[PDB]
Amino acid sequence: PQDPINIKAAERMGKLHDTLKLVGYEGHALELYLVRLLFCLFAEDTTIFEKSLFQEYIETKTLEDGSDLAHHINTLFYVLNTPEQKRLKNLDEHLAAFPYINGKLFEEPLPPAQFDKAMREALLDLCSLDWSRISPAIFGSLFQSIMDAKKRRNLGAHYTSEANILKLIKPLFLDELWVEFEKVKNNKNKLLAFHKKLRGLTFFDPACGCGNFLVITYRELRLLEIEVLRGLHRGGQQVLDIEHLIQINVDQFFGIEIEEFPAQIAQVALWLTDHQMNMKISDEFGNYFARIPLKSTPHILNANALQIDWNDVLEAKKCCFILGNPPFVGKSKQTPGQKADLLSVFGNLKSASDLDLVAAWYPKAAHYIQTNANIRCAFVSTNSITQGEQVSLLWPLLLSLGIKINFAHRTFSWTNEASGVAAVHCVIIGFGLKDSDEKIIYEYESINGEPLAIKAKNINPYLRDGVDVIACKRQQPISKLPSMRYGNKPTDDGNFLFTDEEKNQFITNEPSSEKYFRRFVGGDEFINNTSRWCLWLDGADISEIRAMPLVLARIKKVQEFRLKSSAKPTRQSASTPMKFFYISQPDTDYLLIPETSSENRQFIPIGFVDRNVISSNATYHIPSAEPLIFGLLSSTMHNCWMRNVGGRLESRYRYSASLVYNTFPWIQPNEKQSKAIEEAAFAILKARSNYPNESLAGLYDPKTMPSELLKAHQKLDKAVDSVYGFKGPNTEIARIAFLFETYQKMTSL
C-alpha cells in the first residue's frame, strides 16, 4: 500500500504552490488550481476516481520533461466539469474514465500553467502517497507553508489543533447534542424531530482560516448522524437506505477568511470530509453512498470580517453558533490597516487602540447576535484580553451590550502539529446574550496538561469566579502610598551598555572614561545578581566628552540608530544622543521592583539599590523608600493583587505601577502595626543576607527557598494581614475576593 501522508507532504505541496507562483502563475488561478489538484490527489486514493487514475494518466499520457503536463491538466479540469452526456463521442478513453464532479470547484475555466521535470516529479511524488486519511493537521500545515514568517505572524495564520477545537465545540453545542441523543434515541418520533433539528443547525467562523473548526464540527455531526440513522432504522435486517435518510451537509457551514488560499482550502476541506464520512457510513451499513457530483456547497467568503456586515454571509436569524480562532496581534505590532479596523469596531472609545486585534471580533459578534439571543459563541484568544490594561477597555463595552460569559478555559500553552509552532498562551471564551445557570470554568494544573471542569458561580471578565468589578489604570495611587516611577529607557541599540569585560577593555583603551560609567541593573541583572554597566552622560561636561573618541563613536552610533527609528519621538531623541531616551534616575537610594519575572515564585524578588546604580526600564522603583513599604510589596497580599489585576507575558508576572500599585487597596496602620511590619521587613532582609552567593532567584525559587526566609515572610504576612483585619482562609481565592471588597469600598469614595 501507499505511504499515508504526513505533515511533510503538505509542506511539499506548499512548495509546489510557491514554485508555480514564482513562474508567474499567481493569484486566484493559482489558489484554485492547487486546491483542484488537492481534490484530485484525494480522489484517486478513494473511490471517486478509479484507484490511481490521476497518477496513471500523468505517468502514461504526459511527457517526462513536463512540457505538456499543463495542457492535459487543463482538459482534465474541463472534463471533470462536463457531464457524460456532453462529452465528445471520440474523447480520449483515458480522459473519459474520470467522473463528472462539477460544483463551484470546477466551474471556472483557468489559464493553463506550465511545468518542467521537477514540478512534474513533485506532483507525481504527491500522487504516490495515500491522501485517504487527510485531517486538520494536513489542511493547517498546507495553509501555513505558503506564508512568509512576517506574514504568518501578522495575519495570525496559525491553524487550530483538533484538540483545541474539541475543547471549544464540546461545551458550545456538541456534548449537549449527545445527551439529547441518548435521551430520545429509543423514541422514533422524538428521534425524527432530533434529526430535523440537526439538519437546521448553522455554524459560522468569522476568521475561519483553512476551515478546521468547520471541518471538525461537520465530522462530529456526521458521526452523530450515523447513530441517529442507526436508531431510526425501521427495516430491521434490510440494508439501511442512506441517500433518502441522510440530511446533514456542507451547506450548513459559513466562514469569513481574508487570504484566498485558506478560503479555498476551507471549501475543499469540507467536501473531502464529506466524502470521508460518506465512505464511513457506507462501511457501517454496507451500501455505497457518495455525494458526487458536488451539488452542496459551503459558504466561505474571502473578505475582511471586520469591514463587512456578517449578515451578508449568513442572516443572524438563520444562524446558531459562532466559533473560531481569530488572529492575535498586539497593540504595538499591528499594521495601519488593522489599527483602523480595530478602531472602526470600537468607535471613539478611550485608549481602544491599546487592544489586541483579536478583541475586535467580540463587539462584532456582540452586535451581530443582538438580533437573535439564541446564538451561542466561543472564541480562542490570547490570554492577554483577560489581563492587565485590556480588561478595562474591552469588557465595559461587552457587558453593556448584554454579553454574558457562559464557559471559559483559563490560560493554556498553544501548540499544533505543524512547523514553527507559535509561542503564546491562550484562553477560550464562550459567551452570548443568555446567562447560563451552570457556568463551567476549565482549569489547568499543567499549562500543557488536560483541563479540569470546575463549577462556577460567575465568570469574571478576568475568567475568575467572582464579582464583576474591573481594576482600572490610574496615574496616582488610591491608597496613601509614595509614588512609583518607571526605570530609565535607553533606546541605544546597546551602544551605552557593557559587560564587565567590555567595561574593562573600553577603560584601558579610553582611561578618561571611568568617571562616566555607572552600574546598570535591569530585571534580569537584579534577580540574578549579574553585573552590567552603562555610560551615564546625563549632565556631562562637553569639554570632557570631546576629548574621548571611543565615547564619541558611541554617541554617534546612538544617533544613527535613533534616526533610523519609525517612532517620531525616537527620531526626535536622536538630537540628544548622549542622554537616555527616558530618564527617571532619582537622587536618593531606592526600592527596585523587576518588571517581568517568573510566575513560579510566590513573591516578586524586590530589594534596595544604591542611588548611583542606573535602573533600566525593565524595572520600577520607589525613591527613598522606608522599610515599611518594602514590607508591603513583599506581602502575600500585594503579590496576590499583582497576580490578579496585573498583566502577563505569556504567563510570567508583569508588574506595572498604574495597574497594580496604583489600584492596590491598603489601610494606613497604627504605630504598633507599622513597627510590626518594619520588624518583619528587617527579618526578611537579614534572612537574605545569611546566604552569600545566592542570587535573589536562588533564594526565591520555592523549591530551593531556605526555611529561614519563608518564616520571615510568614512573619510579614501575619503583620500585614493584621493591618487588614484579614482572618479568612489564607488562599488565593479568599485573598483576591477580599482585596476586591476593599478596592470597591475605596473606589466608591
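Numbering starts at 1 and runs along the sequence shown.
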Between 555-563 and 472-480 (mean CA B-factor, as deposited), the higher | 472-480
If you average the Cα B factors in the entry, which is higher, 671-679 or 518-526?
-> 671-679
Quick one: which of 570, 287, 273, 596 shows the highest Cα temperature factor in the PDB entry?
-> 287
In terms of the chain's CA B-factor thirds, is residue 725 lowest, middle or highest?
-> highest
What third of its chain's C-alpha B-factors does residue 45 belong to: lowest, middle or highest?
-> middle
Ordered by C-alpha B-factor within the chain, which third holds residue 363? Give me lowest, middle or highest, please.
-> middle
Going by what the PDB entry lists, where does residue 713 fall on CA B-factor within its chain: lowest, middle or highest third?
-> middle
For residue 644, does the deposited CA B-factor place it in the lowest, middle or highest third of the chain?
-> middle
